[PDB]
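Peer 1: Residue numbers (the entry's author numbering), protein chains in the order written: chain C, 1 to 249; chain E, 1 to 249; chain A, 286 to 735; chain B, 1080 to 1198, 1206 to 1228.
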Amino acid sequence: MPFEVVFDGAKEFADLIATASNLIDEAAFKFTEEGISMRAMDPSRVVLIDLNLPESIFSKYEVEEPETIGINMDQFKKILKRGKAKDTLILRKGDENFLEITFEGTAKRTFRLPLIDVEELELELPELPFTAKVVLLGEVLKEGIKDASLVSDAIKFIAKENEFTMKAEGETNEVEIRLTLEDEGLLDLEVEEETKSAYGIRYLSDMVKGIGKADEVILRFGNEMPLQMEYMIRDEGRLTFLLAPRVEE
Amino acid sequence: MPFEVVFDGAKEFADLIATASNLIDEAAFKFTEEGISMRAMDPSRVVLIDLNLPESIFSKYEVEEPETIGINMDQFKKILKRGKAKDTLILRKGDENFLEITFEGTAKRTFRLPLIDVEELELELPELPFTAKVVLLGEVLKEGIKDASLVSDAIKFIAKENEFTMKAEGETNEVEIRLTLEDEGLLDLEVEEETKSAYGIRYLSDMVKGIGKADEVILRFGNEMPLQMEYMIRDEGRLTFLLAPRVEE
Amino acid sequence: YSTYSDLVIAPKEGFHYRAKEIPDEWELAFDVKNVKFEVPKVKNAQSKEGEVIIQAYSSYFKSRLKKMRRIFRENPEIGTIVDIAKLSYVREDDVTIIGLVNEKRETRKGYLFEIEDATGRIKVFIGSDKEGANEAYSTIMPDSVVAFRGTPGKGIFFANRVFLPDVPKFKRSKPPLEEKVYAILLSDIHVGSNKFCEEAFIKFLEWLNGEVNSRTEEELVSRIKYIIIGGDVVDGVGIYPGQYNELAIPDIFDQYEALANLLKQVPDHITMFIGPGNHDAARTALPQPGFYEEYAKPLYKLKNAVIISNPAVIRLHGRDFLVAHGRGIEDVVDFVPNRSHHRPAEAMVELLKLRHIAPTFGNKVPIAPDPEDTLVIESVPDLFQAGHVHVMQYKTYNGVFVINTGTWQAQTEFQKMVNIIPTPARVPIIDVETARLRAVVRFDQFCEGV
Amino acid sequence: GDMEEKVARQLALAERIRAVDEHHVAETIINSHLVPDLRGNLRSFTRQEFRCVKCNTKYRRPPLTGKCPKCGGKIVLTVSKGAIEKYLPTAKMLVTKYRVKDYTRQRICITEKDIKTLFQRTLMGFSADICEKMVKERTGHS
DNA sequence: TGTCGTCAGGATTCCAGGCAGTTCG
DNA sequence: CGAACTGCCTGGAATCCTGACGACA
Ligand SMILES: [Fe+3]
Ligand SMILES: [Zn+2]
Ligand SMILES: [Zn+2]
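1) If you follow the beta strand (DSSP E) that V712(A) is in, where does it begin and where does it stop?
2) Under the criterion of a Cβ to heavy atom distance below 6 angstroms, does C482(A) qualify as lining ligand 3?
3) Can you tell me whether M166(E) is buried or exposed, with buried defined as 16 or more other CB within 10 angstroms of its CB?
4) Report the residue from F111(C), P54(C), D147(C), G105(C) whose alpha carbon sits nearest the alpha carbon of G94(C).
5) Hey, how far is the Cα of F13(C) from the Cα of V367(A)?
6) Any residues whose CB sits closer than 5 angstroms to a heavy atom of ligand 3? List them in chain order?
7) When every heavy atom of ligand 1 is checked, does at least one fall within less than 6 angstroms of the C-beta of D565(A)?
8) Can you find a heavy atom of ligand 1 that lies under 6 angstroms from the Cβ of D517(A)?
9) Applying a beta-carbon distance threshold of less than 8 angstroms, which residues of chain B neighbour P226(E)?
10) Report the CB separation of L123(C) from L48(C) in whole angstroms; it is logged as a contact under 8 angstroms.
11) In whole angstroms, what separates the C-alpha of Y1177(B) from that of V118(E)?
12) Given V1158(B), which residues of its chain have a CB within under 8 angstroms of its CB, disregarding the five upstream and five downstream residues?
13) Would you check if the segment 558-577 of chain A and the segment 511-530 of chain A touch, i.e. whether three or more CB-CB distances between them fall below 8 angstroms?
14) Between the Cα of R406(A) and those of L385(A), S423(A), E416(A), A421(A), spot the shortest distance and give me the residue it belongs to.
15) Taking 7 angstroms as the CB-CB limit, is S287(A) close to chain B?
16) Determine the chain A residues that contact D1181(B) at a beta-carbon separation under 7 angstroms, and present them in chain order.
17) So the candidates are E120(C), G210(C), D15(C), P245(C); which of them puts its Cα closest to the Cα of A154(C)?
18) According to DSSP, simplified to helix, strand and coil, what is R355(A)?
19) Nearest-angstrom Cα distance between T88(E) and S21(E)?
20) Name, in chain order, the residues that DSSP records as bridge partners for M166(C).
21) Assuming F606(A) contacts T645(A) (C-beta within less than 8 angstroms), just tell me the rounded distance between them.
22) Tell me which residues of the segment 104-119 of chain C have at least one Cβ-Cβ distance to chain E shorter than 9 angstroms, keeping chain order.
23) Give the interface partners of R82(C) over in chain E, defined as CB-CB distance under 7 angstroms, in chain order.
24) Short of 7 angstroms in beta carbon distance, which residues of its chain neighbour residue 251(E), apart from the five on each side in sequence? Order them along the chain.
25) Are the C-beta atoms of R246(E) and some chain B residue less than 7 angstroms apart?
26) Along the segment 27-61 of chain E, what residues have a CB closer than 7 angstroms to any CB found in chain C?
27) Between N704(A) and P1142(B), which are expected to be in contact by the criterion C-beta below 8 angstroms, what is the C-beta distance as a whole number of angstroms?
28) Roughly how many whole angstroms lie between the Cα atoms of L292(A) and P654(A)?
29) Who are the near neighbours of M1210(B) in its chain, counting only those whose CB is closer than 8 angstroms to its CB and skipping five residues on each side?
30) Measuring straight from C-alpha to C-alpha, what distance separates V327(A) and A341(A)?
31) Give me, in chain order, the residues of the same chain whose beta-carbon lies closer than 7 angstroms to that of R624(A); leave out the 5 immediate sequence neighbours on both sides.
32) Using beta-carbon positions only, say whether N1110(B) and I1163(B) come within less than 7 angstroms of one another.
33) Measure from the alpha carbon of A198(C) to the alpha carbon of each residue in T240(C), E190(C), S152(C), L99(C), then state which is nearest.
34) When Cβ atoms are compared, which residues of the segment 188-222 of chain C fall closer than 7 angstroms to chain E?
35) Going by DSSP, which residues form a beta bridge with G200(E)?
36) Starting from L141(E), trace the alpha helix (DSSP H) both ways and give me its first and last residue.
Have a look at this one:
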């Protein structure tokens, strides 16, 4: 179904493109009149990404009929690799299963890509108990996952009432990232009871690779519960992740 | 034969040496009392280089007798690789066939290199009307070429009365770069009649890699006529390139 | 060295030229058929530096399978055509299978074949004392498309009947033309060497104007309106190191210009047909579209000089004239026993019953891979042209006219060291209406005695 | 001597060029190496040796089989198109650096053969192309 | 077994971010 | 008197360059 989408600031969205395509090479966009969502699953069944973009994010947003479209982000990365910030990105679809990307601003560049089906496992987001919520930044995540990668391959999440620390050790080298309220790494925290869990490093290093440094990230986890990494975009959109816990530490 | 010339700045000329080295591999800069020029073609028959640098670009300009010397692009490219534009470029040639490149900046660097006997055939270029002359910036050419070369290998240039467009097609990825006078990337249009031609963007990639951001670029080409692209240096120098059109599909 | 630009003789006024409508229409043109949108567009989806050889040579046999398979389907004799992979379903019923001939294995029990199709591969065993054992044994062993009727077994297909791409014996005859017209077939001129039969060539050019010796030649020459050249206009460059002392004209532009001055003596009413070869400055790989644009400038300047493709099907008066040179005869006489250069037509019968020109690979000629096999004779050919053996013979096979073209040079030491006796100054005068040999012109008196 | 003796030929040959006063006569010194490249490209051209990835000593027939029946690997062919393209610019730049006759057909026939086998109309012959420049001389003279 | 294709780490430049010199609210 | 205008220094993103690993006859 034909539709018109207009989003400003393609530079900020490129981080979402790198973050989304870094794990899965293809994306399935749920195009709805209320907004554009996206549920893609990693082939190794480790992470579920869900992008929620309301209508209020897009200035010009015309929907004829909601549907699901398939986008090969392997080339869309190349589409928005050189996109600017002061420009305007436009995604329009006509009658055929093609996508026309009108790029206006200092220069007019339109694209035309085919729309192919995306095979993803149907996995929703059940109402799970998340008793650990912490607010982090991009640099805190980068330094935490990289420094935790130089010492081991797993990570241990320990969050208490007024603290959020990450201890990880392979055989000799020990890392323990502590977050307090005196610094700027931890702004808000919601941890009722002490919570601990375990997760990987390589996947977190692949997800933080697209996300910048000044991007606040909301993290949630519970006692041996899947991780929920969500954060708002322009205070309205929300990108939610789903990580699988690891039996190891 | 001995001559000395002092040009201020090293990086601005290093862009010319960079563009020339990426577009030609063996050239012999001919030295005339009007300035330094070079009319040659790449030995793989891809582009045609014509460098015209008057004496007005050079601060000091001292000639005894006009003659021609050969300069390697690689070695001379490596010299001005890290050469700061705040230095003082000095070219000196005396009785012997050596080149003395003295830098008078933060550290005087008097250089010496032999000059090989290049057997470059001085070839000229004929004159004929193209009816399609456009004046566009350089950055718009950068983003317009580097993005379309990934989706296709050949680009189609079409210019009409107060209309400019550069569309390139492919298997399943189309693109076009349409600019007019009221845009912010197209300076002037001198198109008189309908013009349309096809060229290879793979030559245009390295052909435009050495262009600047604010440099006014003038293009002259035709329907079956070759491609011409010339731009000025310090508002006086002129660098013209001419490549044969693609006779393939 | 000379340049052959002095022989300018006007036609004899006493010779009567017949003014009549001369139809001309080529059927096989490489420009509009293959290179239009198939040769430049093979894959277009590969790396920065890819190859276009795996797909061209891959589909090169698939196009042959579709074409020859269609020829087998047009023949109302072959039935129950199945694939090799479908033989596992049939228990004992006999079927027909069409596939390529990888190799040929001879055994005391019989003949073991290795037939591979686009679907599968199987060994086709046939007995020794079979009716079709001779056709399946004397066939082209390295590359051939065959069909078999039989039943598979424990892993070996026990075939009973053989089927080769032979021309149909039952064919509709051509209507008689209202006006008589003849044609000349000649090739292997080899201009540029010091042993060229220049005398027979200039007497031949003077003979073309109307200077005939016998009264019978006036009736035939007075109606000849077409001339066809097969190929090998020069001796070649880069064959053997002892050629520089033999090439009388080392300059290639003087050979093209010399040949242009030698061919311009032909009257304008006679249609010229010039086909490229492998010894000239052109595409040495078969098939050959035509000449280059640097050395063939005077030939392109001459409008009368028509540069046909190689091969090229020239349909004149409704007749299909297959114009080609090839190297299959040498592969037959060197690979199939009881065949020699003294009887090249016998080697040409095998090439005629296969609908292909040169399927044998490994000979002294490069083969360029193309996505579509053009060397497959789809339509019923009326004339089959070959050469490269310098021995002229006349033979008609199932109504198909088979003849050679001869040469125009004397015997060289290279020809002497390989034990082949050339037959120069052989001018076969064939008929276009009846599609048969009409007369034979021998100027061996002016040439060296064989 | 692909390193010292080759450069020795490149320098001594230029010394001979300086000795003959830009008067070059046809010769066979490098052609002594160009003939095996011609017969090797034309010879191995029609060979097309198929070798799968797993099996190396198991060569496949010149006809096309699609895939290797023994091993589940793609078949790799050697038509000698990409290995000889390295020695061609070595002498091609030297031959291109002078206008001589009786040898242009051997130089341009192989590269135009590679062009016809694989398949940029040049505005003019500025790469030392004796093709357009030469034929233009003869045509304008006629 | 040498050599070609490909990936990650380091270096580079423009822009954002941050910091001198001067004048009018 | 103190911030904006103007101009300038530095880190971050995009780009370019180079060393190391895996494959083929
Ligand atoms: Fe011959
Ligand atoms: Zn022959
Ligand atoms: Zn194998």
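Cβ coordinates follow ideal geometry from the N, Cα and C atoms, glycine included.
Peer 2: Answer, in terms of the structure:
1) If you number the third sequence from 1, residue 712(A) lands on position 427. Unbroken beta strand (DSSP E) run through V712(A): 711-716.
2) Along the third sequence, read from residue 1 onward, the residue named residue 482(A) stands at position 197. No, the Cβ of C482(A) stays beyond 6 angstroms of every heavy atom of ligand 3.
3) Walking along the second sequence from the start, residue 166(E) turns up at place 166. By the 10 Å Cβ count, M166(E) comes out buried.
4) In the first sequence, the residue the question calls residue 94(C) occupies position 94. Among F111(C), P54(C), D147(C), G105(C), the Cα nearest to that of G94(C) belongs to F111(C).
5) Counting from 1 along the first sequence, the entry for residue 13(C) is found at position 13. Counting from 1 along the third sequence, the entry for residue 367(A) is found at position 82. Cα-Cα distance, rounded: 57 angstroms.
6) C1131(B), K1133(B), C1134(B), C1147(B), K1149(B), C1150(B)
7) Locating residue 565(A) in the third sequence gives position 280, where the first residue counts as 1. Incorrect: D565(A) has no Cβ contact closer than 6 angstroms to ligand 1.
8) In the third sequence, the residue the question calls residue 517(A) occupies position 232. Yes, the beta carbon of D517(A) sits closer than 6 angstroms to at least one heavy atom of ligand 1.
9) Reading the second sequence from its first residue, position 226 is the one you call residue 226(E). The answer, in chain order, is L1209.
10) Mapped onto the first sequence, residue 123(C) falls at position 123. Mapped onto the first sequence, residue 48(C) falls at position 48. Right, the Cβ-Cβ distance comes to about 6 angstroms (below 8 angstroms), so this counts as a contact.
11) The residue given as residue 1177(B) occupies position 98 in the fourth sequence. The residue given as residue 118(E) occupies position 118 in the second sequence. Using only the alpha carbons, I get a separation of about 13 angstroms.
12) Here residue 1158(B) corresponds to residue number 79 of the fourth sequence, with the count starting at 1. Around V1158(B): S1123, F1124, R1126, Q1127.
13) yes
14) Residue 406(A) sits at position 121 when you count from the first residue of the third sequence. Nearest option by C-alpha distance: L385(A).
15) By 1-based counting over the third sequence, the position of residue 287(A) is 2. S287(A) does not count as touching chain B.
16) By one-based count along the fourth sequence, residue 1181(B) stands at place 102. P535, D536, listed in chain order.
17) Counting from 1 along the first sequence, the entry for residue 154(C) is found at position 154. Measuring from the Cα of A154(C), the nearest candidate turns out to be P245(C).
18) As a working note, residue 355(A) is residue 70 in the third sequence. Here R355(A) sits in helix by DSSP.
19) Residue 88(E) sits at position 88 when you count from the first residue of the second sequence. Residue 21(E) sits at position 21 when you count from the first residue of the second sequence. Computed Cα separation, rounded: 22 angstroms.
20) Residue numbering aside, residue 166(C) sits at position 166 when the first sequence is read from its first letter. Paired residues: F157(C), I177(C).
21) What you label residue 606(A) is simply residue 321 of the third sequence in a count that begins at 1. What you label residue 645(A) is simply residue 360 of the third sequence in a count that begins at 1. At roughly 24 angstroms, the Cβ-Cβ gap does not stay under 8 angstroms, so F606(A) and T645(A) are not in contact.
22) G105, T106, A107, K108, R109, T110, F111, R112, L113, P114
23) The residue you call residue 82(C) lines up with position 82 of the first sequence. In chain order: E143, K146, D147.
24) Residue coverage of chain E in this structure runs from 1 to 249, which leaves residue 251(E) outside it and unanswerable.
25) Position 246 of the second sequence holds residue 246(E). At least one chain B Cβ lies under 7 angstroms of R246(E).
26) none
27) By 1-based counting over the third sequence, the position of residue 704(A) is 419. By 1-based counting over the fourth sequence, the position of residue 1142(B) is 63. That belief does not hold up - the Cβ atoms of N704(A) and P1142(B) are roughly 30 angstroms apart, past 8 angstroms.
28) Start at 1 with the first residue of the third sequence, and residue 292(A) comes out as number 7. Start at 1 with the first residue of the third sequence, and residue 654(A) comes out as number 369. Between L292(A) and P654(A), the C-alpha separation is close to 42 angstroms.
29) As a working mapping, residue 1210(B) is identified with position 124 in the fourth sequence. Taken in chain order, the residues that qualify are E1218.
30) Stepping through the third sequence from its first residue, residue 327(A) is reached at position 42. Stepping through the third sequence from its first residue, residue 341(A) is reached at position 56. One C-alpha to the other measures close to 7 angstroms.
31) Numbered from its first residue, the third sequence carries residue 624(A) at position 339. So the qualifying residues of the chain are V617, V618, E631, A632.
32) The residue you call residue 1110(B) lines up with position 31 of the fourth sequence. The residue you call residue 1163(B) lines up with position 84 of the fourth sequence. No. Outside cutoff.
33) Your numbering for residue 198(C) matches position 198 in the first sequence. Among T240(C), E190(C), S152(C), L99(C), the Cα nearest to that of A198(C) is on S152(C).
34) none
35) As a position in the second sequence, residue 200(E) is number 200, starting the count at 1. BP columns for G200(E) point to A154(E).
36) As a first step, residue 141(E) is located in the second sequence; it is residue number 141 there, counting from the start. Run containing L141(E): 139-148, per the alpha helix (DSSP H) assignment.
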